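Trainee: Residue numbers (the deposited numbering), protein chains in the order written: chain O, 1037 to 1086; chain J, 100 to 148; chain f, 1 to 62, 84 to 136, 150 to 238, 254 to 364; chain P, 1235 to 1299, 1312 to 1332; chain k, 1 to 299.
We put the beta carbon where it would ideally sit given N, CA and C, even for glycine.
1) Check the Cβ of residue 1257(P) against every Cβ in chain f and list those closer than 9 Å, keeping chain order.
2) Does the separation of the CB atoms of residue 322(f) and residue 351(f) fall below 8 Å?
3) Helix, strand or coil: which one does DSSP assign to residue 140(k)?
4) According to DSSP, is residue 313(k) part of a helix, a strand, or is it coil?
5) Grab me the residues of residue 59(k)'s own chain with a C-beta within less than 6 Å of its C-beta, minus the 5 sequence neighbours each way, in chain order.
6) If we cut at 8 Å on Cβ distances, does residue 173(f) have a partner in chain P?
7) Any residues in the stretch 278 to 290 of chain f with a beta carbon nearer than 9 Å to a beta carbon of chain k? Which ones, in chain order?
8) What first and last residue would you give for the beta strand (DSSP E) that runs through residue 102(J)?
9) Any C-beta of chain P within less than 9 Å: which residues of the stretch 115 to 128 of chain f qualify?
10) To the nearest angstrom, how far is it from the Cα of residue 1260(P) to the Cα of residue 335(f)?
11) Buried or exposed for residue 1085(O), please, with buried defined as at least 16 other CB atoms from any protein chain shown within 10 angstroms of its CB.
12) Here's the rule: buried if 16 or more other CB atoms are within 10 angstroms of the residue's CB, otherwise exposed. What is residue 131(k)?
13) Tell me the DSSP bridge mates of residue 93(k)?
14) Using the beta-carbon of each residue, which ones in chain J are nearer than 7 Å to residue 165(k)?
15) Could you tell me which residues DSSP puts in a beta bridge with residue 196(f)?
16) Please report whether the beta-carbon of residue 313(f) lies at a distance below 8 Å from any beta-carbon of chain k.
17) I need the DSSP call for residue 91(f), collapsed to helix, strand or coil.
18) Helix, strand or coil: which one does DSSP assign to residue 1059(O)?
19) Using only the alpha-carbon positions, how far apart do residue 96(f) and residue 1318(P) sit?
20) Please state whether the Cβ-Cβ distance between residue 114(f) and residue 184(f) is less than 8 Å.
21) Give me the subset of the stretch 60 to 76 of chain k whose CB atoms are less than 9 Å from a CB atom of chain f, sorted by chain position.
22) Would you list the one or two residues that DSSP bridges to residue 126(f)?
23) So residue 298(f) is in the beta strand (DSSP E); what residue range does that whole segment cover?
24) Is residue 280(k) near residue 65(k), with beta carbons less than 8 Å apart?
25) Would you decide whether residue 124(f) is buried or exposed? Buried here means 16 or more other CB atoms lie within 10 Å of its CB.
26) Can you check whether the C-beta of residue 219(f) is within less than 8 Å of a C-beta belonging to chain O?
27) I need the straight-line Cα distance from residue 331(f) to residue 136(f), nearest angstrom please.
28) Out of 1238(P), 1268(P), 1289(P), which one is the CA nearest neighbour of residue 199(f)?
29) Answer yes or no: the CB of residue 227(f) versus the heavy atoms of the ligand PLP, is any distance below 7 Å?
30) Does the separation of the CB atoms of residue 70(k) and residue 115(k) fall below 8 Å?
31) Taking the alpha carbon of residue 1079(O) as the reference point, which residue from 45(f), 15(f), 20(f) has its own alpha carbon closest?
32) Do residue 361(f) and residue 320(f) count as a contact pair if the criterion is CB distance below 8 Å?
33) For residue 1266(P), which residues in chain f fall below 7 Å Cβ to Cβ?
34) So is residue 60(f) buried or exposed if we call it buried at 16+ other beta carbons inside 10 Å?
35) Can you pull the chain P neighbours of residue 197(f), defined as C-beta to C-beta under 7 Å?
36) Just checking my contact of residue 367(f) with residue 231(f) at CB under 8 Å: how many whole Å lie between their CB atoms?
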């Protein structure tokens, strides 16, 4: 426990789970909604998946 | 219910699961006494007051 | 005054109703009138499927993937009745009599023949001298190193009808593994967790990830006898062999004494085959056997497409 | 009950006949040649036949009073099933 | 069974490049990982082949065979629509390489790194500070010829060190430099210094060569030693009347069929393994072709 030759600095990174508030003014963004499509992904031996 | 996702990952499958519970049974027991004389005179027929 | 929402269900119902394939045609033979009606429907369907004249007669708008089943018959000693469904099996060739038994082999049976997992294999097979009787030249074929040519891979088993001496066995040869009794329920393939080396992690910019990851099988003659190893890799048939040789080099260094300078028939260190292909980016699953003396941990892999390969020399 | 063996040269674990026909030391034998004495001298064969007969007997008896595995039975080789020769 | 991959670009199209990308429709490139949404830099071959970096082509082969291969289908101002190569599917293909090679029917096609020219098969998208590098699909004969030339150069470069310049000019750039075709000759890019990870193939080659040269047969040497001196053949134009005396020294002993046969068996068995160290490229089989459209059906 003798002091070594030289001093040091120590660095860490810390996370924080934080609850945040969001503000958005009226008519900020224009959204266009498409029309949904269907496809058939796989014909399984037991079921069908779309 | 489930949400739609837009990222590169495969689409989240809709989920329906089966939940099975067990029914408990409780028993309750009360003890009561009746002296033999209390049960005997019921069979006898009283006339005098 | 409900919002009506953002998406409409009529569209989804319509397009999915369009996506459904027409039903299979049952034929009713017991009753006369139903038979006649289905035959009328059959002739109309052939008229509707083969006449280039009309356009609604064009039906091809918008896969057949069961496995190719092959049935083998084996003795009830050379197979446990309890051994799990889907374990890859390997086959042997008899010289004159083949109809008597096929003598299909399991990895634990190979571990027994070759001499924890040892105790499990003995609790399956206490007196495996029939195992020695199945291959008469085992002591000869370890040295002639012709052992791999005769051990042909058969892959996972689906069903085994159980009899006193013989066993009926159905084996997936090519294609995805699938069953038969029901609307084709699927199976999975199991290999013991020990005596299996993950060669994608044995050496562990960013390495690319392919779609499909393959399972190889290799057979090595070390001074501690022969032994079998299956490898879960994904890179390529041209690189798996090189990486495997780099892996075996510490075991290869020991073979200077055993090799014969005069007779060159023993030199080969092993051979590699490719069994099948499964989904990458997933991994595998861990489970133990449920038998009487079951202590072995086992990897099990989903989505197995059985495409067996031949033994290729490595040294 | 009064004797144990008609020929001690055969019915022992390391006798001459046992060396001849048992599954122990026939490794160098050219495969694909039928041997009658195989079904009487191969130790594992005898053990399998005895276990199979005992299991037939007790599985008929202890049943009729749970999963019923269906057993397949035949008669083409009764000599092997009974360890007897006519 | 149905695979459509969209790759999204953060920045814009910058029309200067879109015309060259659009006449670049229908051609192969290897993508990083199979998902519905991809990164832009993993898309091309630009990761493995940095401009400042010296090319090591066996590493390019190793990267190329690992990644999934995709058919460019459509370029849109913000989108890249590519269907991929399912191992059990059949699809059309149409190609235009600036080193332009003419195809035949039922000829297997090999996928290779762009050894010839960087500017040729690479299109710079400096809008994202990226460069899309297309791989080279050639007929299998010219593919194996060029790969063999590459490995022989990687050897003879280590060889020609500290030798007369007459070695420096000749072997380094007479046969290892150019590749011929019908009335045509294309130069190759050559690694200025021998590349690592290339000879990693050559080590295995030396291993197989030691094992094979331990088991060479005898009668063939006698036949050849006879045919070079007594007779004349075109295949034997290589050897003149003089024989390499090595063959005379090995030849001394007599013949026996029983010896030749086991040697022949083990030689055959060690010849099946070379196809793993010689391919190093996903192969596509030709089913039909039209020179008037330059659009074949590979498989």
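Mentor: Taking the coordinates as given:
1) 163, 164, 166, 167
2) no
3) helix
4) Nothing in the structure corresponds to residue 313(k), since chain k is present only between 1 and 299.
5) 197
6) yes
7) 283, 284, 285, 286, 287, 288, 289, 290
8) First-last for residue 102(J): undefined, no H or E at that position.
9) 115, 116, 117, 118
10) 42 Å
11) exposed
12) buried
13) 296(k)
14) Ordered by position in chain J, no residue passes the 7 Å Cβ test against residue 165(k), which lies about 56 Å from the chain.
15) 201(f)
16) yes
17) strand
18) coil
19) 13 Å
20) yes
21) 61, 62, 63, 65, 66, 67, 68
22) 111(f)
23) From DSSP, residue 298(f) is part of no beta strand (DSSP E) but of the alpha helix (DSSP H) over 286 to 301.
24) yes
25) buried
26) yes
27) 34 Å
28) 1289(P)
29) With respect to the ligand PLP, the structure shown offers nothing to examine, as it has no ligands at all.
30) no
31) 20(f)
32) yes
33) 116, 117, 118
34) exposed
35) 1318
36) Coverage of chain f is limited to positions 1 through 364, which leaves residue 367(f) absent and any answer about it impossible.
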